[PDB]
Amino acid sequence: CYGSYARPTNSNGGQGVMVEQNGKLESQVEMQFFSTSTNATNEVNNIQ
Amino acid sequence: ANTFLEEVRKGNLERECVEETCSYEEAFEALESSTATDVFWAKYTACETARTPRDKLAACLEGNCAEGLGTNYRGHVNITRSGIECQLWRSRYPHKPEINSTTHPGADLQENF
Ligand SMILES: [Ca+2]
Ligand SMILES: [Ca+2]
Ligand SMILES: [Ca+2]
Ligand SMILES: [Ca+2]
Ligand SMILES: [Ca+2]
Ligand SMILES: [Ca+2]
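Pasting the structure below:
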């Protein structure tokens, strides 16, 4: 973390490599989910 | 186990080896009474299916119910399913048990329970 920089790309200060695909409008950012392993690691119920 | 700075605070047998997957070391550390330590271990082992939730482990500590095949039961019922008197596990009357007190001392073999 000490001394690391990443220039802004969007208008209101959001970093992220805006790649171009039929237009630079595309800007890929993915979402990943996580739950408590030790919930029990075992729940017949659909984990949240 | 988790909350790393737990080893500097005082601890709770229930805030380490109950509400959390614990080391028998912290269990050993907190218990020392190695007889009840074996008891708590026996618990843990039998309660291997009673690890979660918390109140399930509390009941498995109570021990009134047999877990699975009945390794953990510690009640006072000493009668067969059909009312026949239970023979003393250690005694050889009327049968000499190959499986008895010497072979299974960790089950807390009572009079005829
Ligand atoms: Ca802990
Ligand atoms: Ca710990
Ligand atoms: Ca905690
Ligand atoms: Ca410790
Ligand atoms: Ca501790
Ligand atoms: Ca608690």
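Keeping their order, the protein sequence lines are chains J and Z. Counting with PDB author numbering, you get residues 242 to 289 for the letters of the first sequence. Counting with PDB author numbering, you get residues 1 to 113 for the letters of the second sequence. All C-beta atoms, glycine included, are put in the ideal place defined by N, C-alpha and C.
Relative to ligand 1, Z/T3 has its C-beta within less than 7 angstroms of a heavy atom.
Excluding its 5 nearest sequence neighbours in each direction, Z/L61 has C-beta neighbours in its own chain below 7 angstroms: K43, listed in chain order. Relative to Z/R74, the option among Z/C65, Z/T80, Z/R51 and Z/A59 whose CA is nearest is Z/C65.
DSSP places Z/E25 within a helical segment (H, G or I) once states are collapsed to three. Proximity of Z/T80 to chain J, defined by a Cβ-Cβ separation below 8 angstroms, is not satisfied. Collapsing the DSSP output to three states places Z/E19 in coil. Excluding residues up to 5 positions away in sequence, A42 and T71 lie with their Cβ nearer than 8 angstroms to the Cβ of Z/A107 in the same chain. Z/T35 has a beta carbon lying at 8 angstroms or more from every beta carbon in chain J. Beta bridge pairing from DSSP links Z/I79 with Z/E85. Between the alpha carbons of J/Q262 and J/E271 lies a gap of roughly 17 angstroms. Around ligand 5, the residues selected by a Cβ distance under 7 angstroms to any of its heavy atoms are Z/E6, Z/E7, Z/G11, Z/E16, Z/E26, Z/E29 and Z/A30, following chain order. The C-beta of J/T279 comes closer than 8 angstroms to at least one C-beta of chain Z. For Z/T21, the C-beta contacts it makes with chain J under 9 angstroms involve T279, in order along the chain.
In the structure shown, Z/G106 falls within a helical segment according to DSSP collapsed to helix, strand and coil.
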